[PDB]
Amino acid sequence: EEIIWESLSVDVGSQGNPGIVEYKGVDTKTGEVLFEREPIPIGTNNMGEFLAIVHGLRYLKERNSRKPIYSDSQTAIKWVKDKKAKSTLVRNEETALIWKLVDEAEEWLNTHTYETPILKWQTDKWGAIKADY
RNA sequence: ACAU
DNA sequence: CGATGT
Ligand SMILES: [K+]
Ligand SMILES: [K+]
Ligand SMILES: [Mg+2]
Ligand SMILES: [Mg+2]
């Protein structure tokens, strides 16, 4: 109902889908960019959204921060909850890099704990997520 | 349909 | 318009 301003917001940007994928995380309150992932040559929107959330979890854990994460991605939120990114993207040589990162993100989820709430950014009510590209 |  | 997803 109300924005939790003491939070980290993430978003994916892409050139094509599948296409070049990047993501970033921002302080929801201030818009300060807290992390940005170097563009990945081929990936899907949902893989990027998933990697962004997981990176946020790792970022906040490293800093002993209990802030929640906002994502606007129904899909990625579910994939993180499940610890399983159910992407349809073909695994081939061109998609190897994104799939390695997705596999490693799943692996991290499966070997670490966190209490970070992962919250749906309610775009219909609040406008674009603050990490938007 | 909903979320991108 | 087409693509990624539940
Ligand atoms: K975006
Ligand atoms: K669809
Ligand atoms: Mg998004
Ligand atoms: Mg966006």
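A note on names: the letters A, B, ... follow the listed sequences, proteins ahead of strands, and every chain is numbered from 1. Values below: every heavy atom of this structure, side chains too, minus hydrogens, waters and symmetry copies.
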Peer 1: Could you give the start and end, 5' to 3', of the contact zone on RNA chain B for chain A, using atoms under 4.0 Å from its heavy atoms?
Peer 2: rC2(B) to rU4(B)
Peer 1: Minimum heavy-atom separation for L57(A) to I69(A), with atom names?
Peer 2: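 Reported closest heavy-atom pair: N-CD1, 3.5 Å.
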Peer 1: Is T44(A) close enough to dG5(C) that one of its side-chain N or O atoms is under 4.0 Å from OP1 or OP2 there?
Peer 2: yes
Peer 1: Side chain to side chain donor-acceptor pair (under 3.5 Å): which pairs involve residues 32-45 of chain A, sequence neighbours left out?
Peer 2: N17(A)-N45(A)
Peer 1: Hey, are the side chains of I40(A) and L51(A) touching, using non-hydrogen atoms and a 4.5 Å cut-off?
Peer 2: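 Of all side-chain heavy-atom pairs linking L51(A) with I40(A), at least one is under 4.5 Å.
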Peer 1: Got a sec? Which of residues 21-35 of chain A come in under 4.0 Å of DNA chain C, heavy atoms?
Peer 2: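 DNA chain C contact set from residues 21-35 of chain A: none.
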Peer 1: With a 4.0 Å heavy-atom cut-off, tell me which residues in residues 124-133 of chain A come close to RNA chain B, sorted by residue number.
Peer 2: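 Heavy-atom cutoff 4.0 Å gives no residues at all.
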Peer 1: Kindly state each residue pair satisfying salt bridge (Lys or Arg N to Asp or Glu O under 4.0 Å) with at least one member in residues 112-133 of chain A, sequence neighbours excluded.
Peer 2: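 Sorted pair list: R66(A)-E115(A).
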Peer 1: Compile the donor-acceptor pairs under 3.5 Å between side chains in residues 92-102 of chain A and protein atoms, sequence neighbours left out, one pair per line.
Peer 2:
| unit_1 | atom_1 | unit_2 | atom_2 | d |
| --- | --- | --- | --- | --- |
| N92(A) | OD1 | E94(A) | N | 2.8 |
| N92(A) | OD1 | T95(A) | N | 3.0 |
| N92(A) | OD1 | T95(A) | OG1 | 3.4 |
| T95(A) | OG1 | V90(A) | O | 2.6 |
| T95(A) | OG1 | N92(A) | N | 2.9 |
| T95(A) | OG1 | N92(A) | O | 3.3 |
| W99(A) | NE1 | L89(A) | O | 3.0 |
| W99(A) | NE1 | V90(A) | O | 3.3 |
| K100(A) | NZ | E104(A) | OE2 | 2.4 |

Peer 1: Identify the two heavy atoms, one from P68(A) and one from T116(A), that lie closest to each other, and give their separation to 0.1 Å.
Peer 2: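 Between these two residues, the closest heavy atoms are CA-CG2, 4.1 Å.
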Peer 1: Please list all pairs passing the salt bridge (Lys or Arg N to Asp or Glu O under 4.0 Å) test where one or both residues lie in residues 7-19 of chain A, with sequence neighbours left out.
Peer 2: none
Peer 1: Taking atom CE of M47(A) and atom OG of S14(A), what is their separation to the nearest 0.5 Å?
Peer 2: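 The OG atom of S14(A) is 13.0 Å from CE of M47(A), to the nearest 0.5 Å.
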Peer 1: Of all residues at least two apart in sequence or in a different chain, which pass the ring-ring contact (aromatic ring centres under 6.0 Å, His included) check with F35(A)?
Peer 2: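 So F35(A) forms a ring-ring contact (aromatic ring centres under 6.0 Å, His included) with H55(A), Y59(A).
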Peer 1: What residues in residues 83-94 of chain A put a non-hydrogen atom under 4.0 Å from any atom of RNA chain B?
Peer 2: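 None - not one residue of the stretch has a heavy atom sitting under 4.0 Å from the strand.
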Peer 1: At their closest point, which heavy atom of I118(A) faces which heavy atom of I53(A), and how far apart are they?
Peer 2: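 What the structure gives for the nearest pair is CD1-CG2, 3.8 Å.
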Peer 1: Considering only heavy atoms, which members of residues 45-52 of chain A lie under 4.0 Å from some atom of DNA chain C?
Peer 2: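 Of all residues in residues 45-52 of chain A, the ones placing a heavy atom under 4.0 Å from DNA chain C are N45(A), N46(A).
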Peer 1: Give me the other members of the hydrophobic cluster that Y133(A) sits in, counting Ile, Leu, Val, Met, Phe, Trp and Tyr linked by side-chain heavy atoms under 4.5 Å, directly or via other members.
Peer 2: none
Peer 1: Among residues 69-78 of chain A, which ones have heavy-atom contacts with DNA chain C below 4.0 Å?
Peer 2: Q74(A), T75(A), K78(A)
Peer 1: Search all heavy atoms of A105(A) against all heavy atoms of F50(A) and return the closest pair with its distance.
Peer 2: CB-CE2, 3.8 Å
Peer 1: Compare every heavy atom of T28(A) with every heavy atom of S7(A), then report the nearest pair and how far apart it is.
Peer 2: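 Result for this residue pair: OG-OG1, 2.6 Å.
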